[PDB]
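Peer 1:
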Amino acid sequence: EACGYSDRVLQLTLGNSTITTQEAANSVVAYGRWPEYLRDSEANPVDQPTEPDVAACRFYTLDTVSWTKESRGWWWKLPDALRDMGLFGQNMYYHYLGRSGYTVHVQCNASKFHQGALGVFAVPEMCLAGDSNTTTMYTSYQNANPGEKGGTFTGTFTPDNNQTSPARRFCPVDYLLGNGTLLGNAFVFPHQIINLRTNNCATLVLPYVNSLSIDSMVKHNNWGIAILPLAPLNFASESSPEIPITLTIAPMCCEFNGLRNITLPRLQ
Amino acid sequence: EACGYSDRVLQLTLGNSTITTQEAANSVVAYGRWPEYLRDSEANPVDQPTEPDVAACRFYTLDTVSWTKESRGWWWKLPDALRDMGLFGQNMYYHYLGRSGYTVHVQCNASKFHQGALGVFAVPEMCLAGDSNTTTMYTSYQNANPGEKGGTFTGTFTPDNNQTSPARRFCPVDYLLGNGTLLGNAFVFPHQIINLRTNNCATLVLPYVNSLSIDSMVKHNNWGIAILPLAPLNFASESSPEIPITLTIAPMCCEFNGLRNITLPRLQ
Amino acid sequence: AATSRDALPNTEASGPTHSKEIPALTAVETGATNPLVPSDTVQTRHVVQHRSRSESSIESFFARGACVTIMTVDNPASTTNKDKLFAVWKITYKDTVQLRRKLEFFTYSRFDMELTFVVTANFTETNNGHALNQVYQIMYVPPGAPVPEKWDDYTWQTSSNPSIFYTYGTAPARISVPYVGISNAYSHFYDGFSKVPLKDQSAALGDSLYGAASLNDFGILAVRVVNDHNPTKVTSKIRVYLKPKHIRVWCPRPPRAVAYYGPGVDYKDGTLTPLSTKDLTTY
Amino acid sequence: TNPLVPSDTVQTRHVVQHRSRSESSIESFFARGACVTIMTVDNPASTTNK
Amino acid sequence: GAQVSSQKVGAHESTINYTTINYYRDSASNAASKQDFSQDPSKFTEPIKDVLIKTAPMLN
Amino acid sequence: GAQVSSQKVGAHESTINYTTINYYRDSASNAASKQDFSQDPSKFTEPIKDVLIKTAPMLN
Amino acid sequence: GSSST
Amino acid sequence: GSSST
Ligand SMILES: CCCCCCCCCCCCC/C=C\[C@H](O)[C@H](N)CO
Ligand SMILES: *C(=O)CCCCCCCCCCCCC
Ligand SMILES: *C(=O)CCCCCCCCCCCCC
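Chains as they are written, first to last, in PDB author numbering: chain 2, 5 to 272; chain 2', 5 to 272; chain 1, 20 to 302; chain 1', 52 to 101; chain 4, 2 to 14, 23 to 69; chain 4', 2 to 14, 23 to 69; chain 0, 6 to 10; chain 0', 6 to 10. A prime marks a further copy of an entry chain.
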């Protein structure tokens, strides 16, 4: 626009929170579907839903991670990454059922002299592969659900050989997208790339996706966020560059059914 | 009604909770005002309010107390008595401001051979008198706010003589309504009487009352519930009769403003 | 209104260009693919396009029966020490790999299922005895119904379970089943557990397998030879073919690139190197 | 039996119900062949005593 | 209750048609019609919030 | 003498129909139509002489 | 001829 | 009778 508006400069406001950016590469709406509340024709639990609106549909910033030349990649699951986030988390643990969409904003700035490219992928049902070749489908609830810290990818598969006290965790190999399929094809999932010369952020608007209208948020993650270095970090001629990556995520149109006492999960 | 409807038989439903009664003495709506949300013409904080609706506007049952021949009376403060009640309490501690109305249902059944009468009073700004004659207005936050356990009235004023480590609590004398005014006049406050031969419950619908449209629920209690034996418990010829008293209270039309991190109060 | 068998778009003739319009320049960071066609970057002629995508519609891509299992049964001499073998199979498309890989291009699906049964038998001992023509009973035992413990126990009555009595040497048996999921679609992937581990409960008590939903998702097929024991032993195999008819699919996925290893997405050490050597500047 | 539905005792939302009782009609409940007997016969050598 | 549809005739020797009658009450028993629809790939190829004009800069 | 009825279509790929012709004189030979009716449970759930109003006291 | 339900 | 597509 002749009044200055740009693809690269955006402002997002949800609840009492605002994000600004001056180096965006537009933003993505997964499968072209904006988040919505559950329609009566698709409804299933009959009790009056709780809809926290601004109390939960606001931007929550997770712990900042660090990108280096040896970084193989990071992953988070939703709603798991937000289970301890203010009133969203409370609403989640107090109800049997819950559904939610999300605005995911990945942040990573650097300088005109740095280079590198992060693939930011939102994957529906992001089932990851386990560390075991003695027992399949064995990753424990606690290890499958890291909360906000997330998990990481590895360049090497290493099988858990402790049979007496097994680690019971994922071993997500990066070129296999942590799930036995080639990473070069992950672009069929809703994505953006943070290529440092071009943009300093990724924004993905995710609808609630599932084979059900509503489900157990505590038992099941709907979306996975996978961030992998498609082109490695590099800067000037420093051997050990570092730049931070921050995730800020906002629940959208979230509603909950089946209110009771609060869930107190075994997380360690 | 010729189809059987009665003043004495009621059903109240709020959220996922229902109360029934077969021995009511009608029900009271304090000052004839039903609870309402804050109107735009009276609004003050400008941020979008949180309105938890069914998640918080439901019946919460507090710990049951026991009525005996030596009982002098009990008191609770609102919202304090509900500060730990499910998502109502969460919403309360996450927000600077909050307002709420209530349905208060006091329960106490006995038998056609028992007798006694409980005055159940809802008092706006129920300021109680302290235990000290060395320092006025000295009751600590912790002692002023018992939470759901409430407090009790006494037949005797006894001044705290420990000047080195003062108790800093209320000393609410029953015939003085715990505040220096005669109990026989407490009937100018919205009330009902549970007279065992007549009814087994009291129901008071309380509007949000205050000199402000909204306020700090954590700093300030809007209503006090005072229950005093106007006529003592008696049964057959037993010297030590006991019957339970249960309080169930539901927040109504509650809304909150000023969302931030959660309040973690010093309660002991 | 565009159908799967419609011809694709014609190429329109296009000439030389010198402008500020830059179709060739783009920015994949946005997450979009550049929608170009040849006339955007070269001179084209007019071509009337006749080709269609009819054979790659979701229906056409799946319109084939695939083998999902082989069930073994027998009918021995009455004098044998070993029990007459009847088969029990937990219904699934994950015991074989080809249909599984095709369905797993997608996250969710809906379809009516056609099952076709091919039945073959043979002799085992170097005997010279014969056997009269066998009838097989294929009983569907849904989750909850009594699973047969013996080739001849009461469950084979089938008052309510659906059964097929197949006669050997006749056309392969076939039935259809509706979309029977308890969800609005079949989940090819479930990133979750069927249990929440609670703190107040023991770890064993809160535990469950990763990615597994209903333990008995669809029940079992139980197959037997209905004929009584015969002096000469005959062994038979029932091959089961699954075809997804009337199918819908959602959320595309990269296909399985390393060998399947169990019903989940797990992989085995030593199978993780699908790609072969090829030099960057070698055609 | 008290003819209640959820909106009688809890707060409900509007739901457009699609489920039907088609498979539990008397006809559908019985629409299966059940085994009621097994009859045994034979054909022996002519020389048999039985 | 006969349904009459046309064949897309590939090799040739008017419209040639074929006939279909459903024999069963349950639609699950029906054959596949193969009368299927196509859609535009945009939800996967162009999932961006602001519409893309291919002659224009993707970033402005 | 053909009877044409509609299928309730569950999974999808207008009204889809199917056709039925009875081949025999005896109705006992016919297949089951499954075109069945429902009724209200009242003769079992509310067999009381005075009509029950659920918001009212059952005993008055 | 044809009945229709 | 007959539908026609
Ligand atoms: C007389 C034989 C009757 C046979 C009846 C078979 C009924 C059971 C149908 C099973 C449907 C299997 C569909 C495939 C698998 C699921 O997609 C995934 N694991 C997700 O739910
Ligand atoms: C619509 O179907 C009316 C025309 C009927 C044409 C002849 C039907 C051929 C035989 C169908 C038998 C019924 C199948 C159960
Ligand atoms: C009504 O039935 C008139 C239409 C006839 C359609 C063709 C009938 C198909 C063959 C039926 C043979 C008779 C069965 C004994």
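Ideal placement from N, C-alpha and C gives every residue a C-beta, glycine not left out.
With 16 other CB atoms within 10 Å as the buried threshold, where does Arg-87 (chain 2) fall?
Peer 2: By the 10 Å Cβ count, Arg-87 (chain 2) comes out buried.
Peer 1: Which one or two residues does DSSP pair with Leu-208 (chain 2) in a beta bridge?
Peer 2: DSSP, once it has assigned bridges, lists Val-32 (chain 2) and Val-108 (chain 2) as partnering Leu-208 (chain 2).
Peer 1: Check whether the stretch 73 to 84 of chain 2' touches the stretch 34 to 42 of chain 2', counting contact only when three or more Cβ pairs, one atom from each stretch, lie closer than 8 Å.
Peer 2: No, they do not touch.
Peer 1: Taking the beta strand (DSSP E) that residue 308 (chain 2') belongs to, which residues open and close that run?
Peer 2: Here chain 2' covers residues 5 to 272 and nothing more, so residue 308 (chain 2') does not appear.
Peer 1: Could you tell me how far apart the beta carbons of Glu-144 (chain 1) and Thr-251 (chain 1) are, in whole angstroms, since I believe they sit closer than 8 Å?
Peer 2: That pair is a contact at about 7 Å.
Peer 1: Measure the alpha-carbon distance for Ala-82 (chain 1) versus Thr-254 (chain 1) and round it to whole angstroms.
Peer 2: Answer to the nearest angstrom: the Cα atoms are 32 Å apart.
Peer 1: Look up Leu-180 (chain 2) in the DSSP assignment and say whether it is helix, strand or coil.
Peer 2: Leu-180 (chain 2) falls in the helix class under three-state DSSP.
Peer 1: Of all the residues that make up the stretch 132 to 148 of chain 2, which are near chain 1 by a beta-carbon distance shorter than 8 Å?
Peer 2: Residues passing the 8 Å Cβ filter: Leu-132, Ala-133, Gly-134, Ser-136, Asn-137, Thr-140, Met-141, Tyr-142, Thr-143, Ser-144, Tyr-145, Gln-146 and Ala-148.
Peer 1: With a threshold of 6 Å on Cβ separation, who are the neighbours of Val-58 (chain 2) within its own chain once the five nearest residues in sequence on each side are excluded?
Peer 2: Closer than 6 Å at the Cβ level, and outside the excluded window around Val-58 (chain 2), lie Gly-19.
Peer 1: Closer than 7 Å, Cβ to any Cβ of chain 4: which residues of the stretch 24 to 52 of chain 2, in chain order?
Peer 2: Residues passing the 7 Å Cβ filter: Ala-29, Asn-30, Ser-31, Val-32, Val-33, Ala-34, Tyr-35 and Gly-36.
Peer 1: Tell whether a beta-carbon distance below 8 Å holds between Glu-123 (chain 1) and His-207 (chain 1).
Peer 2: It is a contact, given that the beta carbons lie within the stated cut-off.
Peer 1: Candidates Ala-26 (chain 1), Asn-94 (chain 1), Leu-299 (chain 1) and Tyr-280 (chain 1): which alpha carbon is nearest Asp-171 (chain 1)'s?
Peer 2: The candidate whose alpha carbon is nearest that of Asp-171 (chain 1) is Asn-94 (chain 1).
Peer 1: List the residues of chain 1 whose Cβ lies closer than 9 Å to the Cβ of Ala-12 (chain 4'), in chain order.
Peer 2: Ordered by position in chain 1, the residues that pass the 9 Å Cβ test against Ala-12 (chain 4') are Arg-129, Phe-130, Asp-131, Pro-197, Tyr-198, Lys-264, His-265, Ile-266 and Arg-267.
Peer 1: Taking 8 Å as the CB-CB limit, is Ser-51 (chain 4) close to chain 2?
Peer 2: It does; some Cβ of chain 2 falls within 8 Å.
Peer 1: Check the Cβ-Cβ distances between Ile-57 (chain 4) and every residue of chain 1, and say whether any is below 8 Å.
Peer 2: By this cut-off, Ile-57 (chain 4) is an interface position.
Peer 1: Under 8 Å by Cβ, that's how I've got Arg-243 (chain 1) and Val-87 (chain 1) pegged, so tell me the actual separation to the nearest angstrom.
Peer 2: The pair is not a contact, with the Cβ atoms about 20 Å apart (cut-off 8 Å).
Peer 1: I need the DSSP call for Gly-93 (chain 2), collapsed to helix, strand or coil.
Peer 2: Correct three-state label for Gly-93 (chain 2): helix.
Peer 1: Tell me, which residues are paired with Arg-275 (chain 1) by DSSP?
Peer 2: Its beta-bridge partners are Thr-185 (chain 2).
Peer 1: Between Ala-140 (chain 1) and ligand 3, is there a pair consisting of the residue's CB and a ligand heavy atom that are separated by less than 7 Å?
Peer 2: No, ligand 3 has no heavy atom inside 7 Å of this Cβ.
Peer 1: Within the chosen definition, does the stretch 275 to 290 of chain 1 reach the stretch 136 to 155 of chain 2 through at least 3 CB pairs nearer than 8 Å?
Peer 2: They touch, by the three-pair rule.
Peer 1: What would DSSP say about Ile-77 (chain 1), mapped onto helix, strand or coil?
Peer 2: In this structure, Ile-77 (chain 1) counts as helix in the three-state DSSP scheme.
Peer 1: Taking the alpha-carbon of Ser-38 (chain 4) as reference, which of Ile-57 (chain 4'), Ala-12 (chain 4') and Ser-51 (chain 4') has the nearest alpha-carbon?
Peer 2: Ranking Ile-57 (chain 4'), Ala-12 (chain 4') and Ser-51 (chain 4') by Cα distance to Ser-38 (chain 4) puts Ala-12 (chain 4') first.
Peer 1: Could you check where the beta strand (DSSP E) with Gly-262 (chain 2) kicks off and where it finishes?
Peer 2: That run of the beta strand (DSSP E) goes 246 to 263.
Peer 1: Taking a cut-off of 5 Å, which residues have a beta-carbon closer than that to any heavy atom of ligand 3, in chain order?
Peer 2: The filter returns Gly-2 (chain 4'), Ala-3 (chain 4') and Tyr-32 (chain 4'), in chain order.
Peer 1: Would you please verify whether the beta carbon of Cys-175 (chain 2') is less than 8 Å from any beta carbon of chain 4'?
Peer 2: Output row for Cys-175 (chain 2'): interface = no.
Peer 1: In whole angstroms, what is the alpha-carbon distance linking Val-60 (chain 4') and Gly-163 (chain 1)?
Peer 2: When rounded, the distance between both Cα atoms is 40 Å.
Peer 1: Whose C-alpha, out of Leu-187 (chain 2'), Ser-136 (chain 2') and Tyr-64 (chain 2'), is nearest the C-alpha of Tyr-179 (chain 2')?
Peer 2: Considering only alpha carbons, the answer is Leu-187 (chain 2').
Peer 1: How is the alpha helix (DSSP H) around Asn-149 (chain 2) delimited, first residue to last?
Peer 2: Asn-149 (chain 2) -> no alpha helix (DSSP H), and no H or E assigned at all.
Peer 1: DSSP three-state call for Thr-49 (chain 1): helix, strand or coil?
Peer 2: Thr-49 (chain 1) falls in the helix class under three-state DSSP.
Peer 1: Between the alpha carbons of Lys-109 (chain 1) and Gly-90 (chain 2'), how many angstroms are there, rounded?
Peer 2: Each residue's alpha carbon lies about 43 Å from the other.
Peer 1: I want to verify the contact list: residues of chain 1 whose CB lies under 7 Å from the CB of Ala-85 (chain 1'), in sequence order.
Peer 2: Chain 1 residues near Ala-85 (chain 1'): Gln-176, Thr-177 and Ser-178.
Peer 1: Would you say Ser-47 (chain 4') reaches chain 1', if we count a Cβ-Cβ gap shorter than 8 Å as a contact?
Peer 2: Output row for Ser-47 (chain 4'): interface = yes.
Peer 1: So with CB distances below 9 Å, who are the chain 4' contacts of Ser-76 (chain 1')?
Peer 2: What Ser-76 (chain 1') touches in chain 4': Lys-43, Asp-45, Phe-46 and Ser-47.
Peer 1: Can you find the residues in the same chain that come closer than 6 Å, C-beta to C-beta, to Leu-200 (chain 2'), ignoring five residues on each side of it along the sequence?
Peer 2: Taken in chain order, the residues that qualify are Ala-114, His-118, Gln-119 and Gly-120.
Peer 1: If you run the structure through DSSP and keep just helix, strand and coil, what is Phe-117 (chain 2')?
Peer 2: In the structure shown, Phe-117 (chain 2') sits in coil (DSSP, three-state: anything other than H, G, I, E or B).
Peer 1: Leaving out the 5 sequence neighbours to the left and right, which residues in its chain are closer than 6 Å to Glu-40 (chain 2) when beta-carbon positions are compared?
Peer 2: Excluding positions up to five away in sequence, the list reads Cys-257.
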